[PDB]
Amino acid sequence: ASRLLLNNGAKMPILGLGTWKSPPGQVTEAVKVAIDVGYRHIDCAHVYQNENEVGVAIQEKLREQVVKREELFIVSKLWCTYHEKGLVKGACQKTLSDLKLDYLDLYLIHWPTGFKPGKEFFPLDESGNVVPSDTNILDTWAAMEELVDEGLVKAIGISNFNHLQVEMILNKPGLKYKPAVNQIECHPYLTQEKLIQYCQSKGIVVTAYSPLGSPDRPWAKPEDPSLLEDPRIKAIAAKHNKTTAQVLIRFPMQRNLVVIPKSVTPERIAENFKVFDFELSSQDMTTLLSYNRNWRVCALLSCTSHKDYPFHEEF
Ligand SMILES: NC(=O)c1ccc[n+]([C@@H]2O[C@H](COP(=O)([O-])OP(=O)(O)OC[C@H]3O[C@@H](n4cnc5c(N)ncnc54)[C@H](OP(=O)(O)O)[C@@H]3O)[C@@H](O)[C@H]2O)c1
């Protein structure tokens, strides 16, 4: 159906709306339009600096009775400067205040890397590199498990964890709640077959972020590759009378992945929803998988020496 069953018994909508880089001034309208169109899952984060304005839209639609809270699935993420056991709750309560909710459906550790606490999201060492915290992943997972026992979040997960870091949590002595979700970058140029196969075999649901290749990412140099413009993907979409974006959103769905395209444009938010009415053939799916080139949009390049940097491992 549009929902995948989580290990806590909840069902997660397979399509959600992303909000990274959605400006405060445009995201309230964008989330309102998305809920009107039929979106029931919104992906958020403290570091996107727009959760208050996302929260204005959810309140509006709740008040309107367009949707009840139980049918919404709201996701946010713990930023790297809040990995200390004593800061996790406070970070979650700030997000809950900004979103004006009393619980989150899913809360994710945004990156495995902890940074020193403070007001800068990427603290620098007077001079140059990002200043790390000495916290580790298991300390932060224990603080996340407390949030479930206190009723603030219904499920907890991870994002950008490689398979060894997931295995580290899965083997934690006294593990009380397994990660429900691992949210990772995934699209035809970074197909992630080994990490998806690992997670799915452990009962962890995978969410594909940057499904369209994030054409608005700030560091967009390469002058090269664009997924939306790839003539080979345009040809598959033409065969189905769909747009390239609709093919790129349908592709993770047929791999049993949740997918969270971002848009602040009403026509594209609506376009992106019309993805339940067609099917990519096996041939189309094998062809899209063959375009992998291990190209990653989000490589957290300022942290390549951090003890917990996730992308040195094969997967
Ligand atoms: N956990 C993490 O580390 C992490 C990292 C990155 C992203 N994410 C999540 O994943 C979400 C999606 O990834 P993303 O924001 O990197 O990028 P994306 O969804 O791959 O691409 C967004 C870009 O595509 C455009 N777009 C959307 N629909 C389109 C369509 N039908 N036709 C043409 N262009 C279209 C958007 O334009 P307009 O907005 O102008 O329409 C925007 O410029 C994020 O917003 C965030 O919620 C999570």
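Counting convention: from 1, in listed order, for ligands and their atoms alike. Numbering of residues begins at 1 and proceeds along the displayed sequence. Keep in mind that the numbers below use all heavy atoms, side chains included, and drop hydrogens, waters and symmetry copies.
- When non-hydrogen atoms are compared, ligand 1 lies under 4.0 Å from the side chain of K21 (C-beta onward) but not from its backbone.
- Under the 4.0 Å criterion applied to side-chain N and carboxylate O atoms, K262 and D43 are not assigned as salt-bridge partners.
- The closest donor-acceptor contact from the side chain of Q246 to the backbone of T243 lies under 3.5 Å.
- The single protein non-hydrogen atom nearest to atom 24 (O) of ligand 1 is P215 CG, 3.5 Å, given as residue, atom name and distance.
- Judged purely by atom type and a 3.5 angstrom limit, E84 has no side-chain atom pairing as donor or acceptor with the backbone of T135.
- Heavy atoms of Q183 found under 4.0 angstrom from ligand 1 belong exclusively to the side chain.
- Near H110, meaning under 4.0 Å from any of its heavy atoms, are these atoms of ligand 1: 1 (N), 2 (C), 3 (O).
- Those atoms of ligand 1 that come under 4.0 Å of a heavy atom in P261, given as number and element, are 19 (O).
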Steps toward side chain to side chain donor-acceptor pair (under 3.5 Å) verdict (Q254, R250) = CA-CA 6 Å; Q254 282 185 222; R250 181 73 192 179; 2.8 Å; yes
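- For ligand 1 and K77, the ligand atoms under 4.0 Å from any heavy atom of the residue are 1 (N).
- When heavy-atom distances to ligand 1 are checked against a 4.0 Å cut-off, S263 comes that close through both its backbone and its side chain.
- Each of the atoms 14 (P), 16 (O), 17 (O), 18 (P), 20 (O), 21 (O) of ligand 1 lies under 4.0 Å from some heavy atom of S214.
- Proximity of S210 to ligand 1, defined as any heavy-atom pair under 4.0 Å, is shared by backbone and side chain alike.
- Of all the atoms in ligand 1, the ones that sit under 4.0 Å from a non-hydrogen atom of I260 are 9 (C), 10 (O), 11 (C), 12 (C).
- Taking any N or O of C298, backbone or side chain, none lies under 3.5 Å from an N or O belonging to ligand 1.
- A salt bridge is absent between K89 and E146: the closest approach of a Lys/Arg side-chain nitrogen to an acidic carboxylate oxygen does not fall below 4.0 angstrom.
- Listed by number with element, the atoms of ligand 1 under 4.0 angstrom from any heavy atom of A245 are 30 (C), 31 (N), 32 (N).
- Distance from atom 45 (O) of ligand 1 to its nearest protein heavy atom, with residue and atom name: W20 N, 2.9 Å.
- The contact set between ligand 1 and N272, taken as ligand atoms under 4.0 Å from a residue heavy atom, comprises 27 (C), 28 (N), 30 (C), 31 (N).
- Using a 4.0 Å cut-off between a side-chain N of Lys or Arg and a carboxylate O of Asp or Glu, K307 and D134 do not qualify as a salt bridge.
- The backbone N or O of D308 sits less than 3.5 Å from a side-chain atom of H306, completing a donor-acceptor pair.
- Both the sub-6.0 Å distance and the 45° axial angle are not jointly satisfied by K274 relative to the ring of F278.
- With hydrogens left out, the protein atom closest to atom 39 (O) of ligand 1 is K262 NZ, 2.8 Å, a heavy atom.
- For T244, no heavy-atom contact with ligand 1 is shorter than 4.0 Å.
- Between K234 and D230 no salt bridge is recorded (no basic side-chain N to carboxylate O distance below 4.0 Å).
- Side-chain atoms of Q65 come within 3.5 Å of backbone atoms of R63 as a donor-acceptor pair (strictly under, hydrogens ignored).
- Counting protein heavy atoms only, atom 5 (C) of ligand 1 is closest to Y209 CE1, 3.3 Å.
- Neither the backbone nor the side chain of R217 has a heavy atom within less than 4.0 Å of ligand 1.
- Neither the backbone nor the side chain of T243 has a heavy atom within less than 4.0 Å of ligand 1.
- For atom 43 (O) of ligand 1, the nearest non-hydrogen atom of the protein is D216 CG, 3.2 Å.
- The proximity of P211 to ligand 1, defined as any non-hydrogen pair under 4.0 Å, involves the side chain as well as the backbone.
- For ligand 1, the polar-atom distance check against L212 finds a nitrogen or oxygen pair separated by under 3.5 Å.
- The protein non-hydrogen atom at the shortest distance from atom 38 (P) of ligand 1 is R268 NH1, 3.2 Å.
- For atom 47 (O) of ligand 1, the closest non-hydrogen atom of the protein is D43 OD2, 2.7 Å.
- Salt bridge annotation for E145-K172: present, with a cationic side-chain nitrogen under 4.0 angstrom from a carboxylate oxygen.
- Among protein heavy atoms, atom 3 (O) of ligand 1 sits closest to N160 ND2, 2.9 Å.
- The pair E71-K68 meets the salt-bridge criterion, since a charged nitrogen lies less than 4.0 angstrom from a carboxylate oxygen.
- Formation of a donor-acceptor pair under 3.5 Å by the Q192 side chain with backbone atoms of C186 is not found in this model.
- With respect to the salt-bridge test (charged N to carboxylate O, under 4.0 angstrom), the residues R69 and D102 do not qualify.
- Each of the atoms 11 (C), 45 (O), 47 (O) of ligand 1 lies under 4.0 Å from some heavy atom of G18.
- A salt bridge between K202 and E167 is present, with a side-chain N of the basic residue lying under 4.0 Å from a carboxylate O of the acidic one.
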